[PDB]
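A.B. asks: Handing you a structure now.
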Amino acid sequence: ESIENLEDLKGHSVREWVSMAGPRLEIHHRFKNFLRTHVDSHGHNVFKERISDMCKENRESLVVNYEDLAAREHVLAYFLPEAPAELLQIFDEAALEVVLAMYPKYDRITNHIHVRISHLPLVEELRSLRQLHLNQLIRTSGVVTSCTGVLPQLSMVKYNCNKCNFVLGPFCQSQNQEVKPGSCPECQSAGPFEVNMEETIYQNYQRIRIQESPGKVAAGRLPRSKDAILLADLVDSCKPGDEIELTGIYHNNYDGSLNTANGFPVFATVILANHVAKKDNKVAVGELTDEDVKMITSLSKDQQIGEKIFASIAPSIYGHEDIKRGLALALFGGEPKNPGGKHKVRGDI
Amino acid sequence: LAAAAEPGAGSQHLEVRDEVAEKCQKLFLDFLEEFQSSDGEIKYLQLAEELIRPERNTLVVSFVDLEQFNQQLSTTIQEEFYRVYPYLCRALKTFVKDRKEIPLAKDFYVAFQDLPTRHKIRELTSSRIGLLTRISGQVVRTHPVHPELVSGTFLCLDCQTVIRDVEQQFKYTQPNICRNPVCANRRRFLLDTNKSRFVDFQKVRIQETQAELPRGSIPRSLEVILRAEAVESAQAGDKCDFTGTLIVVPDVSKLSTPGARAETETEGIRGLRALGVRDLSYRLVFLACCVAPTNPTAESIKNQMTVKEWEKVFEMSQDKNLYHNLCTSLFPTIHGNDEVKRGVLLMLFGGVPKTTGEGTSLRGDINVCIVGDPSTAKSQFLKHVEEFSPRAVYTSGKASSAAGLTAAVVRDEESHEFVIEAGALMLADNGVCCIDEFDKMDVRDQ
Amino acid sequence: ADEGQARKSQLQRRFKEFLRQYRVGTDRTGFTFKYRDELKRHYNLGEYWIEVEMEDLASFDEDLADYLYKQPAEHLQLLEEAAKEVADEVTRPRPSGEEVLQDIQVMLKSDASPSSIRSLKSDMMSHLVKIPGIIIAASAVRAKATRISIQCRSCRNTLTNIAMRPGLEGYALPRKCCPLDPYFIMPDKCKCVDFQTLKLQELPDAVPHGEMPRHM
Amino acid sequence: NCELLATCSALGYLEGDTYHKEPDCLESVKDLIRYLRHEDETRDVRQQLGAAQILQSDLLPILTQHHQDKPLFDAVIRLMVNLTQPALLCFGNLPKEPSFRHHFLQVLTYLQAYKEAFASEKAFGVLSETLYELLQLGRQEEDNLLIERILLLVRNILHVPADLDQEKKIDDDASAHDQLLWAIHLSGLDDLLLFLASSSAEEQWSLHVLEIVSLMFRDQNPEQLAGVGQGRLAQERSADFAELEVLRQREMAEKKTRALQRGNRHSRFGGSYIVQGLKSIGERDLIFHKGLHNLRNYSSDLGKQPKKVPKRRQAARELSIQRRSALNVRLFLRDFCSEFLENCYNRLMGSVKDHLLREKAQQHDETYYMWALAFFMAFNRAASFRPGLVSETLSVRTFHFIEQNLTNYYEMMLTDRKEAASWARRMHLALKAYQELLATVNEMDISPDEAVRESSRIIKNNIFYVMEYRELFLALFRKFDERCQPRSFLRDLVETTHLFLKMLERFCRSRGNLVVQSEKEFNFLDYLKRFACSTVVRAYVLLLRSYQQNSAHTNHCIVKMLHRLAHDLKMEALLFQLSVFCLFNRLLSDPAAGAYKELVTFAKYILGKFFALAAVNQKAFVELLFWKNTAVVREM
Amino acid sequence: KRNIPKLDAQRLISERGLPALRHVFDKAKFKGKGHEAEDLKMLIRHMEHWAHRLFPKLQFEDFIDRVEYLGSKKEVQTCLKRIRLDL
DNA sequence: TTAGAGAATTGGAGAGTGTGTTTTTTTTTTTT
DNA sequence: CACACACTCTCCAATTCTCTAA
Ligand SMILES: [Zn+2]
Ligand SMILES: [Zn+2]
Ligand SMILES: [Zn+2]
């Protein structure tokens, strides 16, 4: 079988290199080992816990931290911003067959798992994006101004022949142009074709527009903006007005409309998303770990917990203990209810 | 093989060469290699050291230095600028490869500053097309930065040969013969976006500056195009000197090609195969290779501070009674009011802003109010402060706009949608806002 | 293909026997053929529709219910044809002016818990879904052709009773008989039905926090 | 792909500026050799290894840092020889179908990469140190094998066509070939080549060293190379400025002629005219639409397009354009020519002719022989001329050898249709050698030595006494074809014919020379009347069309021969042709006509004779239209 | 259909060809000694016009290149020796 | 030995086919 | 739709290959 290697030395480009079978298999094995052997500072096997917390909720999406991927596997962190589409596909396959080792029946729940990269250190201001960043993984921040609805996009399309029953085999749909068959292999009729709507595989699609946050640099100047594409589970990760933090591949393609608008061979650009966080929702219950729950529930055992919480609100303000108490009660809030299913009363304070 | 070892194997060579442009190339390479500064040796070798950085690709060259090198060369560059410009870029590439750390695919650009003659916008006639030209104008609108395909790399779909360095002009042009000499294909090509080369691209609308505007005439506007390092350096409202060349840009919507189809009051030209039965119009665009203002951090301070400035600020720091010295120097027109001068000086120096452990800010800026009769020097203090300091703003309490001291919300008919017009305090962000007639605000601002 | 026609005929026969044989009740009280009697009374009233419960179909023949859940577009046509022929044998002989048999619309319902609009991901495509909501807009009733006849414009030959696919999807006219587009659709010799598009807003209870309500 | 990738990656890893080799790297390179020996016909392993850049990445560091490991080193040398093998040898011939021509181009591209990589001086430093040890040792089968493979590696790296799309480089910017030559100079392998050529102990390598030298000199020509003094850089700076100035002034003048040709009104400024005295293609008068300023210099083909001449009818074109090598490389190459001519020429050329006699040379190695016979002889003629350093090739044997080779190439050009262009390029080399021998026998008459004057008279007497050297020019002119031979061939042929006729004129006018070949009588003008043929004048006019682009010496030669053929032989009517008259019209209407005084005066002379004949009778206009045989005597 | 002219010997021996070329210079006049350039310009103008009338499809130089080859053929050559002298 | 007439091969001109194409109501913020 | 791009397909004829007479 294909033999293991030192990965970082090669004569090819990075994309070509990770596309070749030998290093692809080595990368696959390395990421598999990284998932199955990475540990926390305290020694907790991180990704066993994360995969269990994923498979419990059927979230079919595994979040990975770059700042420890670089710690464990160097060359994977090296190739990732340089050839992100290829390496992320390899990561998806490796993560899938790790998850099907931990939970063998999980293929009943989902046939594909996406690896989402977080805490990417090469952050970029939104107006500072240039041709130097093309086809590379970037991280940017901005307020979502617009969103399409969640729409079905073709991913693996089978075409019915225009004159007979035959289904032309799967074409992998792109984000650049609508892939087409040309002519049928069973009988070389050509031109228009019908999509087999039942056997064709679709994926969720949502296109968002993000611009610079109003208070960041737009001091009377107009803000710059970029389009981003969310696919599969990333849809509904954000709404208009959300101060998101977006990781994605900065991707470009030919656009005739821009060419005629500018009078130059100007290529449109879009961010193929790979992770969406929010800069106000810095913590969420879907991200809490077992250790966080354990130390929270240990703190609740203390009889001083009420006083600790009251003292913990705005600690740089002296006095105003009644204010801190009232703000704590409002910050935690009461319980909403609807007795009889016909009479609502609010829980908020 | 025989001594006649060349059947023209694999050759589609240039059967003729632009003599003038190549002479310009070699002589400009000699200029870059041999022109020397008075305080040392070989100025542009030292300036070309900076081009190994990932973001840097442009060398800024002084046209008067080129004239001091040779007048005939400078005249030829000025007269034949657009013709010779890619050859000058090749000369710079040949010059900068000796640093040995450059990527092989990296493009380099030449940018001529210090052009002696400045033309008005009215003088940009068709006779100026292709010539090196300097203009002054006020920027009106700046569009987003885009990647522009400078040269495509294409794959031939029926013999799998790659074709590199396909120059573009204006319509997106795929190659028109295959590089493989025996291959018959002239239409079926695929762009390799990853191995193609792009440059940063921006277009900005300028207009005639205030000094140049003729009496009783509408301001004339011009589309300037900036590339590579110049793609955000000029912002709307700035008065900037642009150097580059006036070019003609076709109506690209009218041109059909093997790459892409057409996309469809004056007559225009006719008769081209690519144009079909349509007619092609033209418009003038200033392709700016350089931009500068028309009149101009701790690391930045440490680099900028020359030895005289270091000694001056050190002597000032050790100056006893620097308090009264700075009060007198900053407010010489003011008689008396030493306490007020001291207070406003402390306002200029300001306190330390701080952030609490809970991510909540503590104010560092102080605020000073000067109450007085309309006959006194209260306005004089504000005028001296705003004349002195950079980034400061002067305003009345009453607003000269829909936005006042603080922002206001206004529709724009470009979208019929609400946006924020900035107020004086935001324009004075990280600075000083001098507010005369402070007692007579509107309720919104107050 | 004869194998395909055999499959369609077998599934149609199974739906036919479901509508012919399904009963509710007990031997202690009695039995009523629910869907037979519903078909008979609705046809005699001139209603020409019935409401087949998915749970009843599952109890009679679970495979039919599973097929109708996974591939409703394929199997609802067979179910409607089965209902048509069951109505024929249940109602005939009919009086004068009622000799021609009418098509039957087989609506269907379920006791299952419903899904939601935001739960409708891509993998739910072409399956049966059950979602709640509020109607915010309703189109005026418009005519959609279910069968058409097309006549060649040049030589006046005719192709008749071409079956139109249901839903908003259309039909591609042939480019061979003459010109490249030889045909026009005959406005008299075609059969049409009422159709109406609606907008179904997500329930306010179902909107996640901070979101605008979706609509389908 | 996978097995080849595993085996090549197995060799070694590179750390900064150092290379660390894995212990089984010898077996790894042996495996790579095994794969190369079992390629597909598409040269798939060569393509894949070139794509992987294993040569640059692994073999060059191994060569430059692990040459002490001799069993690895010789395997690495053989592997590099196999990888660098020229594409024409890899495929046997230049392909003619798209797929295999693409494969050829891909292999050629990787050869470009190899040539660019080998310019690193350490490679040739190691090669020169090794070959120095080997030639000190020189002797074993393995030793001479290693010498042969080192020389073949140098041959291979020198012999690649430069991809001038990427090597689109200006007048004296250092090309890849220039950098390779400079690396050879710095490594001192040029001294080893000089030692091999000068030494009599190992003459079997003389043929290979001749090939190496012939591949070293490709852009250069001896007349320019010999004149490169130490102060040439400042001179060329001023020359470049002057050339740019005159080019710009010429372009400005051309612009103003075009501007005055068209009017000062815009394009759609209408108005139409009738020329009452000029019939259209119909019966009515011509209606003209392009304005009075186009009528001022009216031509009846203003609106027309050129004709699409078919592929089989199109003329041949030059395969090269004269970019100079860098000035340092030019100085090194001049010094190499000096040392080669002084120390190496006679022994090496005798050894190569001995190789041809022994007939172990390859099928076209006499092309290299004739290349050197042209090049270094012309280098000797330039600057200080000394026949003593080059005495060997002045023998009449070389004239006979050139004549038989040239006639053989001529016959193969006329018969071998599929390879006719290459045979034309070989015939051009033979013609150039013949021209240079005519030049040197002309030159040595000016020398002060009576012995070499005696040798010159001997050579001239036997060469003009033997007829086959004399009739060859008529054969070449009679079967010259622009469709196969470039304009440089015709230029060299005209120059050679002018020189040969000049020397024959001088010899016959200073000595009797009364018999030729079995003796038969001979006079000079009888031979000159052979050139009074339609084909000869047609070819001369064909070269005359490019009078602006021709050198001043070429214009002097062509006008001198045509003036001789028209005036002294009294056959002006042979040169009366309408294409020739169009050429004269462009020549007389040239703004630069003052620079071509001899040409314009000759044109006016022949035109005056024509108009005398036309005044005699109207038949001259009809006779002017068609090329014409010996019946021209009616017109005269 | 396909009524494309060819410019072969039948075209050259037509009325517009050599029979016309025998006569086109009857109106012409020349200055002679010391003005051969002007006489050449008039000569080429007249024969260029004749070429245009004979076969308008080609440029003049291309027409000359065609005809200088085409004169070798026997039909036009016999018509040439008829035009030379007289029938 | 050189040049013209009959037969063979391939370029491309032309026919056919397929495809492409101000003005009113309602809201929101700010101007007086 | 009737008036323009883009592609395929057909037969005419333009130029060369080969045999013969001058
Ligand atoms: Zn089919
Ligand atoms: Zn191709
Ligand atoms: Zn019909």
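The chains in the structure tokens are called A, B, ... from first to last as shown; in each chain the residues are counted from 1, and the ligands are counted from 1 in the order shown.
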Name each residue within 12 Å of ligand 2, counting only C-alpha atoms (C1' of nucleotides) and all ligand atoms, as a count of residues only.

C.D. replies: 34

A.B. asks: Please tabulate, as JSON lines, the residues of chain A that come within 9 Å of ligand 1, each with its closest pair of atoms and the distance in Å to one decimal, counting only C-alpha atoms and all ligand atoms and ordering rows by chain, then residue number upward.

C.D. replies:
{"residue": "A:160", "atom": "CA", "partner": "ligand 1", "partner_atom_place_in_ligand_line": "1 (Zn)", "distance": 8.4}
{"residue": "A:161", "atom": "CA", "partner": "ligand 1", "partner_atom_place_in_ligand_line": "1 (Zn)", "distance": 4.9}
{"residue": "A:162", "atom": "CA", "partner": "ligand 1", "partner_atom_place_in_ligand_line": "1 (Zn)", "distance": 6.1}
{"residue": "A:163", "atom": "CA", "partner": "ligand 1", "partner_atom_place_in_ligand_line": "1 (Zn)", "distance": 4.5}
{"residue": "A:164", "atom": "CA", "partner": "ligand 1", "partner_atom_place_in_ligand_line": "1 (Zn)", "distance": 4.0}
{"residue": "A:165", "atom": "CA", "partner": "ligand 1", "partner_atom_place_in_ligand_line": "1 (Zn)", "distance": 6.8}
{"residue": "A:166", "atom": "CA", "partner": "ligand 1", "partner_atom_place_in_ligand_line": "1 (Zn)", "distance": 6.4}
{"residue": "A:183", "atom": "CA", "partner": "ligand 1", "partner_atom_place_in_ligand_line": "1 (Zn)", "distance": 9.0}
{"residue": "A:184", "atom": "CA", "partner": "ligand 1", "partner_atom_place_in_ligand_line": "1 (Zn)", "distance": 6.5}
{"residue": "A:185", "atom": "CA", "partner": "ligand 1", "partner_atom_place_in_ligand_line": "1 (Zn)", "distance": 8.5}
{"residue": "A:186", "atom": "CA", "partner": "ligand 1", "partner_atom_place_in_ligand_line": "1 (Zn)", "distance": 6.6}
{"residue": "A:187", "atom": "CA", "partner": "ligand 1", "partner_atom_place_in_ligand_line": "1 (Zn)", "distance": 5.0}
{"residue": "A:188", "atom": "CA", "partner": "ligand 1", "partner_atom_place_in_ligand_line": "1 (Zn)", "distance": 7.0}
{"residue": "A:189", "atom": "CA", "partner": "ligand 1", "partner_atom_place_in_ligand_line": "1 (Zn)", "distance": 5.9}
{"residue": "A:190", "atom": "CA", "partner": "ligand 1", "partner_atom_place_in_ligand_line": "1 (Zn)", "distance": 8.7}

A.B. asks: Residues near segment 23-27 of chain C, anyone? I mean within 12 Å using only C-alpha atoms (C1' of nucleotides), not counting same-chain ones fewer than 3 positions away, as a PyMOL selection string.

C.D. replies: chain C and resi 17-20+30-38+56-57+59-60

A.B. asks: Expressed in Å to a single decimal, how great is the separation between atom CA of residue 72 of chain E and atom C1' of residue 4 of chain F?

C.D. replies: 9.5 Å

A.B. asks: Can you write out as a Markdown table which residues of chain C fall within 12 Å of ligand 3, alongside each residue's closest atom pair and its distance in Å to one decimal, counting only C-alpha atoms and all ligand atoms and ordering rows by chain and ascending residue number?

C.D. replies:
| residue | atom | partner | partner_atom_place_in_ligand_line | distance |
| --- | --- | --- | --- | --- |
| C:150 | CA | ligand 3 | 1 (Zn) | 10.9 |
| C:151 | CA | ligand 3 | 1 (Zn) | 8.2 |
| C:152 | CA | ligand 3 | 1 (Zn) | 4.8 |
| C:153 | CA | ligand 3 | 1 (Zn) | 6.7 |
| C:154 | CA | ligand 3 | 1 (Zn) | 5.5 |
| C:155 | CA | ligand 3 | 1 (Zn) | 4.6 |
| C:156 | CA | ligand 3 | 1 (Zn) | 6.5 |
| C:157 | CA | ligand 3 | 1 (Zn) | 6.0 |
| C:158 | CA | ligand 3 | 1 (Zn) | 8.6 |
| C:159 | CA | ligand 3 | 1 (Zn) | 10.5 |
| C:174 | CA | ligand 3 | 1 (Zn) | 11.1 |
| C:175 | CA | ligand 3 | 1 (Zn) | 10.1 |
| C:176 | CA | ligand 3 | 1 (Zn) | 7.7 |
| C:177 | CA | ligand 3 | 1 (Zn) | 4.4 |
| C:178 | CA | ligand 3 | 1 (Zn) | 5.0 |
| C:179 | CA | ligand 3 | 1 (Zn) | 7.8 |
| C:180 | CA | ligand 3 | 1 (Zn) | 10.1 |
| C:181 | CA | ligand 3 | 1 (Zn) | 9.5 |
| C:182 | CA | ligand 3 | 1 (Zn) | 5.9 |
| C:183 | CA | ligand 3 | 1 (Zn) | 7.7 |
| C:184 | CA | ligand 3 | 1 (Zn) | 10.8 |

A.B. asks: Convert the current residue selection to file output with C-alpha atoms, as a short mmCIF file (atom, residue, chain, number, x, y, z; two decimals), in the first residue's frame.

C.D. replies:
data_model
loop_
_atom_site.label_atom_id
_atom_site.label_comp_id
_atom_site.auth_asym_id
_atom_site.auth_seq_id
_atom_site.Cartn_x
_atom_site.Cartn_y
_atom_site.Cartn_z
CA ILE C 150 -51.13 20.19 -29.48
CA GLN C 151 -51.68 20.77 -33.20
CA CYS C 152 -48.92 21.32 -35.74
CA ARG C 153 -49.14 24.86 -37.07
CA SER C 154 -48.10 24.05 -40.65
CA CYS C 155 -49.72 20.71 -41.61
CA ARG C 156 -52.46 20.62 -38.92
CA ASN C 157 -51.60 17.18 -37.52
CA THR C 158 -52.55 16.71 -33.85
CA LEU C 159 -51.10 15.00 -30.78
CA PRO C 174 -41.57 18.40 -29.06
CA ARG C 175 -39.37 20.01 -31.72
CA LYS C 176 -40.34 17.45 -34.42
CA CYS C 177 -43.70 17.01 -36.15
CA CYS C 178 -42.04 21.68 -40.38
CA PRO C 179 -40.53 24.57 -38.33
CA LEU C 180 -38.29 24.14 -35.29
CA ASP C 181 -41.32 24.71 -33.00
CA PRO C 182 -44.08 23.01 -35.05
CA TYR C 183 -46.85 23.03 -32.43
CA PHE C 184 -49.40 25.25 -30.74
#

A.B. asks: Taking only C-alpha atoms (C1' of nucleotides) into account and nothing else, which residues of chain G lie no more than 10 Å away from chain B? Please answer as a ChimeraX atom specification.

C.D. replies: /G:4-6

A.B. asks: May I have the selected residues written with C-alpha atoms (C1' of nucleotides), as a short mmCIF file (atom, residue, chain, number, x, y, z; two decimals), in the first residue's frame?

C.D. replies:
data_model
loop_
_atom_site.label_atom_id
_atom_site.label_comp_id
_atom_site.auth_asym_id
_atom_site.auth_seq_id
_atom_site.Cartn_x
_atom_site.Cartn_y
_atom_site.Cartn_z
"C1'" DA G 4 -27.64 38.33 -36.28
"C1'" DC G 5 -23.63 34.75 -33.95
"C1'" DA G 6 -21.82 30.17 -34.00
#

A.B. asks: DSSP on the backbone, strand (DSSP E or B) only: what residues of segment 205-237 of chain B does that give? Format it as an mmCIF file with N, CA, C and O atoms, in the first residue's frame.

C.D. replies:
data_model
loop_
_atom_site.group_PDB
_atom_site.id
_atom_site.type_symbol
_atom_site.label_atom_id
_atom_site.label_comp_id
_atom_site.auth_asym_id
_atom_site.auth_seq_id
_atom_site.Cartn_x
_atom_site.Cartn_y
_atom_site.Cartn_z
ATOM 1 N N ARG B 205 -13.927 58.171 -8.888
ATOM 2 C CA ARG B 205 -14.379 59.375 -9.572
ATOM 3 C C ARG B 205 -13.729 60.581 -8.908
ATOM 4 O O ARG B 205 -13.850 60.758 -7.691
ATOM 5 N N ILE B 206 -13.036 61.393 -9.702
ATOM 6 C CA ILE B 206 -12.532 62.685 -9.259
ATOM 7 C C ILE B 206 -13.276 63.771 -10.032
ATOM 8 O O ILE B 206 -14.026 63.497 -10.968
ATOM 9 N N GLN B 207 -13.062 65.019 -9.622
ATOM 10 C CA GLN B 207 -13.547 66.172 -10.365
ATOM 11 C C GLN B 207 -12.486 67.259 -10.309
ATOM 12 O O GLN B 207 -11.446 67.110 -9.660
ATOM 13 N N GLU B 208 -12.753 68.353 -11.018
ATOM 14 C CA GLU B 208 -11.854 69.497 -11.001
ATOM 15 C C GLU B 208 -11.727 70.043 -9.589
ATOM 16 O O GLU B 208 -12.728 70.252 -8.898
ATOM 17 N N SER B 221 -15.867 65.878 -14.397
ATOM 18 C CA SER B 221 -15.506 64.686 -13.643
ATOM 19 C C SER B 221 -14.745 63.710 -14.531
ATOM 20 O O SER B 221 -14.921 63.685 -15.753
ATOM 21 N N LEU B 222 -13.896 62.906 -13.894
ATOM 22 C CA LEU B 222 -12.991 61.994 -14.574
ATOM 23 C C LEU B 222 -12.895 60.707 -13.772
ATOM 24 O O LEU B 222 -12.851 60.742 -12.538
ATOM 25 N N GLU B 223 -12.861 59.577 -14.475
ATOM 26 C CA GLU B 223 -12.670 58.271 -13.848
ATOM 27 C C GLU B 223 -11.179 57.958 -13.830
ATOM 28 O O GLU B 223 -10.571 57.741 -14.882
ATOM 29 N N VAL B 224 -10.598 57.941 -12.635
ATOM 30 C CA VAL B 224 -9.228 57.494 -12.415
ATOM 31 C C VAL B 224 -9.289 56.043 -11.967
ATOM 32 O O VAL B 224 -10.223 55.629 -11.271
ATOM 33 N N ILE B 225 -8.292 55.262 -12.381
ATOM 34 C CA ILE B 225 -8.170 53.854 -12.019
ATOM 35 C C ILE B 225 -6.818 53.651 -11.353
ATOM 36 O O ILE B 225 -5.780 54.039 -11.902
ATOM 37 N N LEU B 226 -6.841 53.030 -10.177
ATOM 38 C CA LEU B 226 -5.669 52.773 -9.356
ATOM 39 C C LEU B 226 -5.431 51.271 -9.290
ATOM 40 O O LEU B 226 -6.377 50.480 -9.314
ATOM 41 N N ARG B 227 -4.156 50.884 -9.213
ATOM 42 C CA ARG B 227 -3.755 49.484 -9.277
ATOM 43 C C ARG B 227 -2.696 49.183 -8.228
ATOM 44 O O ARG B 227 -1.937 50.064 -7.815
#

A.B. asks: Write down as a count of residues only the residues belonging to segment 66-263 of chain D that are assigned alpha helix (DSSP H) by DSSP computed on the backbone.

C.D. replies: 143

A.B. asks: What are the residues of chain E that have an atom within 6 Å of an atom of chain D, counting only C-alpha atoms, as an mmCIF file with N, CA and C atoms, in the first residue's frame?

C.D. replies:
data_model
loop_
_atom_site.group_PDB
_atom_site.id
_atom_site.type_symbol
_atom_site.label_atom_id
_atom_site.label_comp_id
_atom_site.auth_asym_id
_atom_site.auth_seq_id
_atom_site.Cartn_x
_atom_site.Cartn_y
_atom_site.Cartn_z
ATOM 1 N N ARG E 53 -8.989 47.067 -63.683
ATOM 2 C CA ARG E 53 -10.106 46.822 -64.591
ATOM 3 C C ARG E 53 -10.154 45.363 -65.034
ATOM 4 N N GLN E 59 -4.942 42.895 -55.077
ATOM 5 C CA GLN E 59 -4.055 44.047 -55.052
ATOM 6 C C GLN E 59 -3.092 43.972 -56.232
ATOM 7 N N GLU E 68 2.978 37.152 -63.578
ATOM 8 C CA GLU E 68 4.343 36.823 -63.980
ATOM 9 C C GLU E 68 4.563 35.316 -64.029
ATOM 10 N N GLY E 71 2.084 33.838 -67.203
ATOM 11 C CA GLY E 71 2.461 34.058 -68.589
ATOM 12 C C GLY E 71 3.136 32.874 -69.247
#

A.B. asks: Looking at A:24, A:279, A:207, A:251, which one is nearest to chain B, with distances taken over only C-alpha atoms?

C.D. replies: A:251
